[PDB]
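Worksheet for the structure shown next.
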Amino acid sequence: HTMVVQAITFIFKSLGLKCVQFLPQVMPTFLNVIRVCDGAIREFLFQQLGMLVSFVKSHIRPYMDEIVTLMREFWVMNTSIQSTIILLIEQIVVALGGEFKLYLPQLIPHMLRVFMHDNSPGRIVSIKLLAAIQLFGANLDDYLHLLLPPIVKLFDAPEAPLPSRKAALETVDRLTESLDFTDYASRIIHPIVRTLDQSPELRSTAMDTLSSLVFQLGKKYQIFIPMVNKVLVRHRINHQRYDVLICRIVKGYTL
Amino acid sequence: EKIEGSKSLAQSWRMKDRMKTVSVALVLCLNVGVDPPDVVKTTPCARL
Amino acid sequence: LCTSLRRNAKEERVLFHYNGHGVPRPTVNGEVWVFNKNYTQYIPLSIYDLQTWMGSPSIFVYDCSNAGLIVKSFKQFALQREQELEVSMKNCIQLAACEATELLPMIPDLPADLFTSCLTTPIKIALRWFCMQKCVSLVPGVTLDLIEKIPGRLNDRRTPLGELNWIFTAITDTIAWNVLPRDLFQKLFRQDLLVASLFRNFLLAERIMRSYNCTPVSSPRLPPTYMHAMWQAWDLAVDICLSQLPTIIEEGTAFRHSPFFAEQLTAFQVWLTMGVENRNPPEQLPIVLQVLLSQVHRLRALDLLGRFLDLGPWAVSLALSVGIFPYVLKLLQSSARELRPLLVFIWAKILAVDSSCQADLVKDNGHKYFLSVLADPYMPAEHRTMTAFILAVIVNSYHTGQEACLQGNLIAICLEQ
């Protein structure tokens with residue numbers, strides 16, 4: 001098992017994009033091997049499929065539907081296979097890019113179950129899945145209303161550990177750069193204000209997330225300025241970028 | 001009210017000038033029937 | 001080629017369209033690839049030399065994969081020329097399909113000429129893209145084959161195809177006016193038609209290409225419009241328009257017109273109700289302009305436009321900045337007597353603010369339109385009063401207007417009243 005799979009990968013890496021020729025031979029067999037493989041080999045095959053997909057890139061579209069079905073069947077609460085599949089998700093997202101939004105709805109049910117019940121020590125499987133969601137990019141447009149509540153519950157939960165809370169906040173920061181967040185202004189700003197009370201450690205990260213959100217909302221943020229200012233004074237939060245952005249919004253200058 | 005004329009504001013609505021696109025250059029490096037070496041096009045690719 | 005087109009129009013804009021789908025990607029050193037005589041070698045062409053031969057007023061359209069690299073190196077050679085000038089930047093417009101890092105999409109459903117199609121046939125890809133989104137599930141039985149056989153033309157606004165083109169022109173001109181600063185709007189969307197059309201259709205390209213990890217690039221950088229509320233309205237407008245297509249093609253049903261323009265005028269009216277305060281201007285102002293072009297909703301728009309101008313001189317300034325003047329002046333060629341009380345009202349408000357428009361009214365012989373209204377006993381005395389003011393402005397300290405109204409026999413008409 002191991003020897004055969006490794007050789008095929010090294011061949012494709014050394015060839016480059018000329019390996020696309022061999023796709024119709026390799027893929028159907030390789031997928032049927034993942035189906036009937038057992039135990040440890042499964043994890044290794046999914047790792048090597050990730051490499052394959054990273055090399056094939058856009059050309060993997062015909063076989064993508066089967067791969068998702070495979071993932072859907074073999075996703076389990078086993079910590080090991082979850083980290084593996086999340087890595088395989090990150091490689092499918094960079095490979096397909098814009099075409100990933102066709103397949104994302106199949107994966108969403110499993111991602112929402114990961115947040116609901118993650119028993120991972122320090123929720124490191126959650127942090128990994130956040131790092132993946134960052135790659136999803138403008139694919140998340142039609143599904144942001146589904147993904148965002150779990151992320152918001154993640155960084156507002158006090159029981160949850162600080163690393164996993166920073167990971168959620170940094171994710172919302174990144175997604176603000178690419179997605180539209182006007183719809184979900186209240187759903188985020190109110191947990192943030194609440195986070196700036198319940199924990200002084202996240203105050204820095206949260207304020208950076210807030211400023212980014214402010215930059216994206218613009219004049220639509222005007223409503224919240226009284227309420228957020230009240231929370232800032234209560235703990236003397238004096239952020240350079242944020243105070244600049246507010247000052248610009250009230251003035252009305254656009255930049 | 002005072003018997004006084006209202007000061008006319010600086011009406012800047014007028015267009016400074018009207019441009020006219022006199023001619024158009026369609027440089028087409030289509031290279032029909034040949035594929036650029038840099039990009040390895042997929043078999044279906046985009047034909048239209 | 002470029003030197004000849006520059007000779008023809010030395011002081012006028014010249015369009016340079018470049019389609020590099022068949023040549024290798026542009027280099028970091030500011031070069032673009034062409035062929036040799038035999039078509040055996042890709043020859044590079046420096047952007048510096050390319051921007052040497054073309055002159056100052058020009059516009060560049062790059063439809064290739066790493067098109068950002070061209071725009072960067074173009075601005076470099078622009079700065080490099082400015083440094084050499086001591087011991088052509090604002091004039092040169094540039095549109096680019098992609099950012100330097102990005103690649104063009106390879107998706108078999110879309111045309112290879114995705115960018116040019118957007119710029120030059122917006123409605124065609126707009127409907128094809130509409131049929132590719134997830135929102136098609138809400139309208140079953142609308143495939144691409146029905147879009148191919150959509151009836152109508154792009155001119156006839158009473159047809160289904162001409163309706164969408166008209167709506168699209170309104171929506172794009174509205175997004176631009178609300179998002180861009182007034183200065184940059186009149187620069188791009190009012191100066192000349194073709195540029196305004198390209199940037200109008202560029203806003204659609206920005207939205208569509210965004211959905212395939214592509215970012216178009218412009219030389220005068222625009223703020224991101226992809227998330228504007230009006231885009232959602234465009235979806236519904238399309239939805240209602242081509243939900244009828246099964247019945248129009250197969251059953252032969254009469255195409256009912258869209259409620260879009262009606263509902264947008266309804267929104268503008270609701271704003272006017274509590275519009276006394278100087279709050280944010282109404283989003284729908286450029287739509288009211290687009291409505292004036294037809295006759296179907298012309299009476300209602302002329303009414304609302306007058307009610308708006310009444311609010312104050314600040315509002316008349318806005319309506320003149322959006323560009324209402326040449327359309328209100330064109331309506332003075334109409335003979336529909338129902339327009340007479342509305343145009344008299346609108347023109348009194350305009351000439352009260354900007355008295356310089358007396359020049360335009362004499363040129364187009366619009367002073368005859370009003371002379372007729374001032375010699376109509378059945379016209380109410382309120383509207384006849386506005387007409388006498390309009391004439392008293394056209395004539396005011398302006399020998400051309402005094403000589404023109406004298407020949408139009410004003411003194412005899414005035415003495416009658």
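Letters for chains follow the order of the structure tokens (A, B, ...), residue numbers begin at 1 for each chain, and ligand numbers begin at 1 in the order shown.
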### Message
Let's see if you can do this: from backbone DSSP, list all strand (DSSP E or B) residues in chain B, as a ChimeraX atom specification.
### Response
/B:23-28
### chain B residues near chain C (7 Å cut-off, only C-alpha atoms) as an NGL selection string
:B and (11 or 13 or 17-31 or 35-38 or 44-48)
Now that the selection is made, can you save its residues with N, CA and C atoms as a compact mmCIF listing (two decimals), in the first residue's frame?
# COMPACT_ATOMS: atom_id res chain seq x y z
N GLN B 11 -22.34 78.00 -9.12
CA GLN B 11 -22.93 76.89 -9.87
C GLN B 11 -21.84 76.18 -10.66
N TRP B 13 -22.21 72.95 -11.78
CA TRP B 13 -22.80 71.79 -12.44
C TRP B 13 -22.35 71.67 -13.90
N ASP B 17 -15.89 70.12 -20.35
CA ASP B 17 -15.69 69.83 -21.76
C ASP B 17 -16.40 68.52 -22.09
N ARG B 18 -16.71 68.34 -23.37
CA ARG B 18 -17.31 67.11 -23.87
C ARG B 18 -16.27 66.37 -24.70
N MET B 19 -15.88 65.18 -24.24
CA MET B 19 -14.94 64.36 -24.98
C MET B 19 -15.67 63.59 -26.09
N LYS B 20 -14.92 63.23 -27.13
CA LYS B 20 -15.45 62.41 -28.21
C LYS B 20 -14.43 61.34 -28.57
N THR B 21 -14.81 60.07 -28.38
CA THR B 21 -13.96 58.95 -28.77
C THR B 21 -14.00 58.82 -30.29
N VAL B 22 -12.95 59.31 -30.96
CA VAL B 22 -13.00 59.45 -32.41
C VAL B 22 -12.72 58.12 -33.10
N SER B 23 -11.80 57.32 -32.56
CA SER B 23 -11.44 56.06 -33.21
C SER B 23 -11.05 55.03 -32.16
N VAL B 24 -11.06 53.77 -32.58
CA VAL B 24 -10.91 52.62 -31.70
C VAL B 24 -9.91 51.66 -32.32
N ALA B 25 -9.02 51.11 -31.49
CA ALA B 25 -8.00 50.17 -31.93
C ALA B 25 -8.26 48.82 -31.28
N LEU B 26 -8.59 47.82 -32.10
CA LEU B 26 -8.85 46.46 -31.63
C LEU B 26 -7.64 45.59 -31.94
N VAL B 27 -6.71 45.52 -31.00
CA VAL B 27 -5.54 44.65 -31.13
C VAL B 27 -5.93 43.29 -30.54
N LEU B 28 -6.05 42.29 -31.41
CA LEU B 28 -6.47 40.95 -31.00
C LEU B 28 -5.33 39.96 -31.20
N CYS B 29 -4.72 39.53 -30.10
CA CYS B 29 -3.70 38.48 -30.12
C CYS B 29 -4.32 37.13 -29.77
N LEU B 30 -5.40 36.79 -30.49
CA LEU B 30 -6.15 35.57 -30.18
C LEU B 30 -5.30 34.32 -30.35
N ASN B 31 -4.47 34.27 -31.39
CA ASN B 31 -3.66 33.09 -31.70
C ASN B 31 -4.54 31.85 -31.84
N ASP B 35 -2.23 27.23 -28.37
CA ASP B 35 -2.38 27.44 -26.94
C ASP B 35 -1.12 28.06 -26.37
N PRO B 36 -1.23 29.09 -25.54
CA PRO B 36 -0.04 29.70 -24.93
C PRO B 36 0.70 28.70 -24.05
N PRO B 37 2.03 28.69 -24.12
CA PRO B 37 2.79 27.71 -23.33
C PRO B 37 2.68 27.92 -21.83
N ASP B 38 2.53 29.16 -21.37
CA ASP B 38 2.52 29.44 -19.94
C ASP B 38 1.36 28.75 -19.23
N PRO B 44 -11.69 20.71 -21.84
CA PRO B 44 -12.83 21.55 -22.25
C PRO B 44 -12.47 23.01 -22.36
N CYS B 45 -11.74 23.53 -21.38
CA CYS B 45 -11.24 24.91 -21.26
C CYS B 45 -12.42 25.88 -21.46
N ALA B 46 -12.15 27.03 -22.06
CA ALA B 46 -13.17 27.98 -22.46
C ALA B 46 -12.94 28.33 -23.91
N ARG B 47 -13.90 28.01 -24.77
CA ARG B 47 -13.72 28.17 -26.21
C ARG B 47 -14.35 29.45 -26.74
N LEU B 48 -15.51 29.84 -26.24
CA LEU B 48 -16.23 30.98 -26.81
C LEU B 48 -15.39 32.25 -26.71
### Spatial neighbours of range 1-10 of chain A, max dist 9 Å, only C-alpha atoms, sep filter under 2 positions, as JSON, numbers by chain
{"A": [12, 13, 14, 15, 26, 30, 41, 44, 45, 48, 49, 51, 52]}
### Message
Show me, as a list in words, every residue of chain B with an atom at most 9 Å from chain A, counting only C-alpha atoms.
### Response
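Taken together, these residues fit the definition: residues 40, 42 and 43 of chain B.
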Produce a table with one row for each residue of chain C that has an atom at most 7 Å from any atom of chain A, each row naming the nearest atom pair and its distance in Å at one decimal; use only C-alpha atoms; arrange rows by chain and rising residue number; format as a tab-separated table.
residue	atom	partner	partner_atom	distance
C:211	CA	A:98	CA	6.3
C:212	CA	A:98	CA	4.2
C:213	CA	A:98	CA	5.7
C:227	CA	A:180	CA	6.5
Next, dump the selected residues to file, keeping only N, CA, C and O atoms, as a PDB file, in the first residue's frame.
ATOM      1  N   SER C 211     -16.965  36.669  -8.123  1.00  0.00           N
ATOM      2  CA  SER C 211     -17.451  35.331  -7.798  1.00  0.00           C
ATOM      3  C   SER C 211     -16.599  34.223  -8.394  1.00  0.00           C
ATOM      4  O   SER C 211     -17.000  33.058  -8.281  1.00  0.00           O
ATOM      5  N   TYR C 212     -15.454  34.519  -9.005  1.00  0.00           N
ATOM      6  CA  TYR C 212     -14.550  33.489  -9.503  1.00  0.00           C
ATOM      7  C   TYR C 212     -13.112  33.823  -9.131  1.00  0.00           C
ATOM      8  O   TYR C 212     -12.182  33.589  -9.908  1.00  0.00           O
ATOM      9  N   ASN C 213     -12.916  34.354  -7.921  1.00  0.00           N
ATOM     10  CA  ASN C 213     -11.602  34.777  -7.432  1.00  0.00           C
ATOM     11  C   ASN C 213     -10.873  35.642  -8.460  1.00  0.00           C
ATOM     12  O   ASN C 213      -9.687  35.456  -8.740  1.00  0.00           O
ATOM     13  N   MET C 227     -21.113  44.952  -3.155  1.00  0.00           N
ATOM     14  CA  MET C 227     -22.026  44.680  -2.055  1.00  0.00           C
ATOM     15  C   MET C 227     -23.152  45.700  -1.951  1.00  0.00           C
ATOM     16  O   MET C 227     -23.839  45.746  -0.925  1.00  0.00           O
TER      17      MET C 227
END
### Message
Using only C-alpha atoms, which protein or nucleic acid residues come within 9 Å of range 162-167 of chain A? Drop anything in the same chain fewer than 5 positions from it, and give the result as a list in words.
### Response
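Once the adjacent positions are removed, what remains is residues 122, 123, 124, 126, 127, 128, 130, 131, 154, 155, 156, 157, 172, 201, 202, 205 and 206 of chain A.
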#### Entry: 10 Å contact set for residue 108 in chain A, only C-alpha atoms, chain neighbours under 5 positions out, as a list in words
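Residues near the query, excluding close chain neighbours: residues 103, 113, 114, 143, 146 and 147 of chain A.
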Go ahead and save the picked residues with C-alpha atoms, as a compact mmCIF listing (two decimals), in the first residue's frame.
# COMPACT_ATOMS: atom_id res chain seq x y z
CA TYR A 103 -19.58 21.51 -3.26
CA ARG A 113 -21.33 19.46 13.89
CA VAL A 114 -17.62 20.08 14.59
CA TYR A 143 -23.42 30.37 3.16
CA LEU A 146 -24.82 29.37 8.21
CA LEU A 147 -21.14 29.42 9.19
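Here CA of residue 404 in chain C is placed at a distance of 8.6 Å from CA of residue 367 in chain C.
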### Message
Quick one: residues within 12 Å of range 382-387 of chain C, only C-alpha atoms, excluding same-chain residues fewer than 5 positions away - as a count of residues only?
### Response
33
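The spacing separating CA of residue 225 in chain A from CA of residue 168 in chain A amounts to 23.4 Å.
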